[PDB]
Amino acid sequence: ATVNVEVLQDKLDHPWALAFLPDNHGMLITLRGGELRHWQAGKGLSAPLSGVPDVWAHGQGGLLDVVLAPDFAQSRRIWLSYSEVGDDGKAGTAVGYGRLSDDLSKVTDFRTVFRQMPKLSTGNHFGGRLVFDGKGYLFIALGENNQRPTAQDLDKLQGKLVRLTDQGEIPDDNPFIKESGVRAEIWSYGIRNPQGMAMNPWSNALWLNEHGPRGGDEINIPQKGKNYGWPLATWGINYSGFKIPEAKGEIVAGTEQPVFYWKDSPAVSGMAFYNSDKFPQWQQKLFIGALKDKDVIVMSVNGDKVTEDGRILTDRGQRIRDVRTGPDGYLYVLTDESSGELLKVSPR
């Protein structure tokens, strides 16, 4: 109705993320069941690349993010996140990197450099998004594995935003490096299940989003050492309609508020800021996928504030998993379906 939509590729089995390859070489796409594939205009979709880690493809888990290292032009390094099982059948998020071959057929010498520990998931709340800040660091979004209180526990990597160096090492200036019992990898805590994350190109700061329970999805601007409240503070309720048992309220001293929340959850997903002159009407916007509402949320970004303009893609009836702004100034969208799609989207 308001946007143009081109289906670039169909029949994608639960795609989770995409990464644009430089010099018009197309893109990599993760399929959550465990396949990494290459798509390129005129060539279509490749067979699965070799060298990809085995994954625990159950519930919300599987093969999750794919992100190019900032120095990809020289290193050809690509990072992946995925769920990995432990010793009691429960799982946790894992993060590693390998080198993408020149011919795009394989990932070489993949190694896992970071693991969410303990592994507490039976299928839910892995997080998984990886974002490089472009100045030496890698941010890693971790859900609380559906064990609500653990998000507050600094000895556990549940419900945490992690910051590593861009090599996967622990930074010497991380907030809890000298805090007894605490995991040094932690940047922020008190998050439920983070989904989309992206660098705001106007503030050069990380923004993230997260699923609430029954309502209470959020956009946060996470800061060093800060508590985003979950499950002591929530804008949602339990699925029963009754309060989350651990919750003290919506606004709780010692915890940080989101910059936006929805009491009716879209089930927010991948997010992309738009800062291109290709489509000037989309300048200063943030586009957020909605899994439950089956569309994309269009928002106006105003410094550290954000407002909802409306929705696009609602008429297509597809759950939306990821949204990215391409180097060409188009929006690229992945749907969360058995017969999923890669869409190229532009305004009318």
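From 1 onward, residues are counted along the sequence shown.
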task = Pick between 123-131 and 248-256: the one whose mean CA B-factor in the entry is higher.
result = 248-256
key: 170-178 or 113-121, whichever carries the higher mean Cα B-factor   = 170-178
ask   = Looking at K285, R319, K43, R311, which has the highest Cα B-factor in the entry?
value = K43
inquiry  = Out of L164, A233, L104, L80, whose C-alpha atom has the biggest B factor in the entry?
reply    = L104
ask   = Based on the entry's values, in what third of the chain does the Cα temperature factor of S269 lie: lowest, middle or highest?
value = lowest
query = So where's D293 on the chain's Cα temperature factor ranking, which third?
reply = middle
ask   = Within this chain, which third does the Cα B-factor at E35 fall in: lowest, middle or highest?
value = middle
query = Sorting the chain's CA B-factors, does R192 end up in the lowest, middle or highest third?
reply = lowest
task = Could you tell me which third, lowest, middle or highest, the C-alpha B-factor of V85 occupies within its chain?
result = highest
